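Participant: So that we are looking at the same thing, I have put the structure below in structure tokens.
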There are 2 protein chains.
Amino acid sequence: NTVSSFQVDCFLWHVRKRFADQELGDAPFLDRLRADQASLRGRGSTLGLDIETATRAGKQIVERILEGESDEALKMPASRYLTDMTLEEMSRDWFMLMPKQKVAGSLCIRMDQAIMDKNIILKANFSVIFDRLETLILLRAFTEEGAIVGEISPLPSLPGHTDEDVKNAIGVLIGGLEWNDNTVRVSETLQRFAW
Amino acid sequence: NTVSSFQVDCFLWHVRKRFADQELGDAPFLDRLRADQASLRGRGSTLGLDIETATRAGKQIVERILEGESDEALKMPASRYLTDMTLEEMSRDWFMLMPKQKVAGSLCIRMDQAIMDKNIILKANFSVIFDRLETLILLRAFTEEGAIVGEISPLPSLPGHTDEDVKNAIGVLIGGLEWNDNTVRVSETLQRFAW
């Protein structure tokens, strides 16, 4: 119930206190330390439980979360994060004059039917693993003139998407753009990891 | 003198006429064809030379320029053009609040001393050959917030620059930026071809 979360609190306080004992903690850090020895004393008093049995039981619950870390904290490989786009580029507002939107396997594909006879380049920020595209943060289509005209975005409310899903979304976006005579080009950091 | 350039004119006219004979030429193309049969007739008249001997001698001068092409038109390898930056990005105006400029082997290096505690990424548009950076069109430093703060540009009035020159310029730019506690990151298309 509440007692268990309060054992968690008492133990975690004792933990950051052992931290602070090296005296590397920040002034606000230690302020929170005081604030929390206060709050925990007030709760242990207007509750009715000693805080040492609570510290022991919070040690027990960190042993359970440590059994969770012992189930295999860390997977077996490492990831790499690749960026074509400044944050600005990722978050810059844009619009399409005649939208074309589509959903395909946890991926939103947007483009503007009104873009014709432009050179478009595709930039993406994503994640690789085993030299293969692990997960897509975002992709965007820019005109050499500088305009955003298409976007491949991850759908949050779905259980993940794959590298083949992204190569398919890219191919479909490029097809839609090329239909209107737009010469579409891919940033090297996508050639090298998603074709 | 003038007669030789006019042999060049008469021959090159006969050439584009042989083109036009397939009737694939544009309306303005053929307009220029007429305009030029006119101008060449007027010049051959108020000059005093037949245009057929001039066509023969222009064939001789294209044989000399063809001996120039026979000295070895085409080198021995092929190049590739790599783009991080839309034209906009390359030509977008910027400024530095406290400039730092420098010349190093046909390369201009600019940066802003006033940039501190930013994440900067380096994008470049350049040319490779044998999977090595042949020649740099331009490089620019952007902040994740979107601001240009440094630039590595080719100096036109000098006899070319090398890939080592560019790796040195990059290293120097990154050093200058990192001095002010800015975390500098390189676009993958530079990692993969210029380190």
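By order in the structure tokens, chains are A, B, ...; within a chain, residues start at 1; ligands start at 1, following the order shown.
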Select all residues from chain A having any atom no more than 6 Å from an atom of chain B (counting only C-alpha atoms, ignoring ligands), output as a PyMOL selection string.
Facilitator: chain A and resi 86-88+144-146+188-189
Participant: Excluding range 70-80 of chain A and its own-chain neighbours fewer than 4 positions away, which residues fall within 7 Å of it when counting only C-alpha atoms? Please give them as a list in words.
Facilitator: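 Selected residues are residues 66, 127, 128 and 129 of chain A.
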Participant: Keeping only C-alpha atoms, write the selected residues as a PDB file, in the first residue's frame.
Facilitator:
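To be explicit, this is the file written out as result_25.pdb:
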```
ATOM      1  CA  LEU A  66      17.553  -5.141  -8.373  1.00  0.00           C
ATOM      2  CA  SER A 127      18.883   5.493 -34.544  1.00  0.00           C
ATOM      3  CA  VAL A 128      20.933   2.576 -35.885  1.00  0.00           C
ATOM      4  CA  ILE A 129      22.061  -0.762 -34.427  1.00  0.00           C
TER       5      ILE A 129
END
```
Participant: Tell me which protein, DNA and RNA residues are within 9 Å of range 47-51 of chain B, counting only C-alpha atoms, leaving out same-chain ones fewer than 6 positions away, and put them as a list in words.
Facilitator: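 The residues that qualify are residues 3, 6, 7, 10, 40 and 41 of chain B.
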Participant: As a list in words, which residues of range 19-112 of chain A does DSSP assign to strand (DSSP E or B)?
Facilitator: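 After running DSSP on the backbone, range 19-112 of chain A has strand (DSSP E or B) at residues 79, 80, 81, 82, 99, 100, 101, 102, 103, 107, 108, 109, 110, 111 and 112 of chain A.
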Participant: Report the residues of range 70-165 of chain B whose backbone DSSP state falls under alpha helix (DSSP H), written as a PyMOL selection string.
Facilitator: chain B and resi 70+87-91+163-165
Participant: Include C-alpha atoms and write out the residues we just selected as a PDB file, in the first residue's frame.
Facilitator:
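The resulting selection_26.pdb:
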```
ATOM      1  CA  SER B  70      42.523  13.674 -78.394  1.00  0.00           C
ATOM      2  CA  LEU B  87      21.006  25.845 -51.501  1.00  0.00           C
ATOM      3  CA  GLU B  88      19.167  27.995 -48.961  1.00  0.00           C
ATOM      4  CA  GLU B  89      21.507  26.759 -46.225  1.00  0.00           C
ATOM      5  CA  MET B  90      24.514  27.528 -48.412  1.00  0.00           C
ATOM      6  CA  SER B  91      23.386  31.033 -49.335  1.00  0.00           C
ATOM      7  CA  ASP B 163      41.469  16.841 -48.604  1.00  0.00           C
ATOM      8  CA  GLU B 164      44.083  17.094 -45.849  1.00  0.00           C
ATOM      9  CA  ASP B 165      43.658  20.876 -46.004  1.00  0.00           C
TER      10      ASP B 165
END
```
Participant: Contacts of residue 95 in chain B at 8 Å or less, counting only C-alpha atoms, minus same-chain residues fewer than 2 places along, as a list in words?
Facilitator: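 So the residues in contact are residues 93, 97, 148 and 149 of chain B.
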Participant: Can you list, as a ChimeraX atom specification, every protein, DNA or RNA residue that comes within 12 Å of residue 34 in chain B when you count only C-alpha atoms, leaving out same-chain residues fewer than 6 positions away?
Facilitator: /B:13-14,16-17,20,27-28,40-41
Participant: Produce a file of the selected residues containing N, CA, C and O atoms, as a compact mmCIF listing (two decimals), in the first residue's frame.
Facilitator:
```txt
# COMPACT_ATOMS: atom_id res chain seq x y z
N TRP B 13 28.06 26.99 -87.13
CA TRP B 13 26.73 27.14 -87.71
C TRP B 13 26.36 25.90 -88.51
O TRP B 13 25.24 25.39 -88.39
N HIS B 14 27.26 25.45 -89.39
CA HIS B 14 26.94 24.27 -90.19
C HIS B 14 26.65 23.08 -89.28
O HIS B 14 25.79 22.24 -89.59
N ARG B 16 25.32 23.13 -85.99
CA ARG B 16 23.96 23.19 -85.45
C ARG B 16 22.90 23.11 -86.55
O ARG B 16 21.76 22.74 -86.26
N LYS B 17 23.26 23.41 -87.80
CA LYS B 17 22.29 23.21 -88.88
C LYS B 17 22.07 21.73 -89.11
O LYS B 17 20.94 21.28 -89.30
N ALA B 20 19.75 20.69 -86.64
CA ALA B 20 18.37 21.12 -86.89
C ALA B 20 17.72 20.26 -87.96
O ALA B 20 16.50 20.12 -87.98
N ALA B 27 12.08 26.38 -81.29
CA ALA B 27 11.74 27.56 -82.09
C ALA B 27 12.79 28.64 -81.92
O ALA B 27 13.27 29.17 -82.94
N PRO B 28 13.18 29.04 -80.70
CA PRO B 28 14.27 30.02 -80.57
C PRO B 28 15.60 29.52 -81.12
O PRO B 28 16.36 30.32 -81.67
N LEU B 40 26.18 36.02 -90.48
CA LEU B 40 27.36 35.46 -91.12
C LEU B 40 27.42 35.85 -92.59
O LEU B 40 28.50 36.11 -93.13
N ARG B 41 26.26 35.92 -93.25
CA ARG B 41 26.22 36.42 -94.62
C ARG B 41 26.64 37.89 -94.68
O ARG B 41 27.44 38.28 -95.54
```
Participant: Please indicate the distance in Å from CA of residue 56 in chain A to CA of residue 2 in chain A, rounded to one decimal place.
Facilitator: 15.4 Å
Participant: Name the residues in contact with residue 151 in chain B at a cut-off of 6 Å, using only C-alpha atoms, excluding same-chain residues fewer than 2 positions from it; report them as a ChimeraX atom specification.
Facilitator: /B:109-110,139-140
Participant: Next, dump the selected residues to file, keeping only N, CA, C and O atoms, as a PDB file, in the first residue's frame.
Facilitator:
```pdb
ATOM      1  N   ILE B 109      38.374  30.263 -43.068  1.00  0.00           N
ATOM      2  CA  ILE B 109      37.740  29.729 -41.870  1.00  0.00           C
ATOM      3  C   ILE B 109      37.178  30.901 -41.082  1.00  0.00           C
ATOM      4  O   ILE B 109      37.924  31.799 -40.675  1.00  0.00           O
ATOM      5  N   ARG B 110      35.866  30.897 -40.870  1.00  0.00           N
ATOM      6  CA  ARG B 110      35.191  31.880 -40.041  1.00  0.00           C
ATOM      7  C   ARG B 110      34.530  31.183 -38.863  1.00  0.00           C
ATOM      8  O   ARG B 110      34.080  30.041 -38.978  1.00  0.00           O
ATOM      9  N   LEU B 139      31.316  24.442 -46.262  1.00  0.00           N
ATOM     10  CA  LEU B 139      30.894  23.863 -44.993  1.00  0.00           C
ATOM     11  C   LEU B 139      30.370  24.965 -44.079  1.00  0.00           C
ATOM     12  O   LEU B 139      30.877  26.090 -44.094  1.00  0.00           O
ATOM     13  N   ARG B 140      29.397  24.615 -43.232  1.00  0.00           N
ATOM     14  CA  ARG B 140      28.793  25.558 -42.297  1.00  0.00           C
ATOM     15  C   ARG B 140      28.442  24.870 -40.983  1.00  0.00           C
ATOM     16  O   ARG B 140      28.064  23.693 -40.951  1.00  0.00           O
TER      17      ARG B 140
END
```
Participant: Record the distance separating CA of residue 130 in chain A and CA of residue 173 in chain A, expressed in Å with one decimal.
Facilitator: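 Atom-to-atom, CA of residue 130 in chain A and CA of residue 173 in chain A are spaced 25.6 Å apart.
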Participant: So the first atom is CA of residue 169 in chain A and the second is CA of residue 118 in chain A; what is the distance between them in Å, to one decimal place?
Facilitator: 20.1 Å
Participant: Considering only C-alpha atoms, can you say which of B:60, B:37, B:152, B:125 comes closest to residue 100 in chain B?
Facilitator: B:152
Participant: Using only C-alpha atoms, which of the listed residues (A:133, A:54, A:177, A:166) sits closest to residue 114 in chain A?
Facilitator: A:177
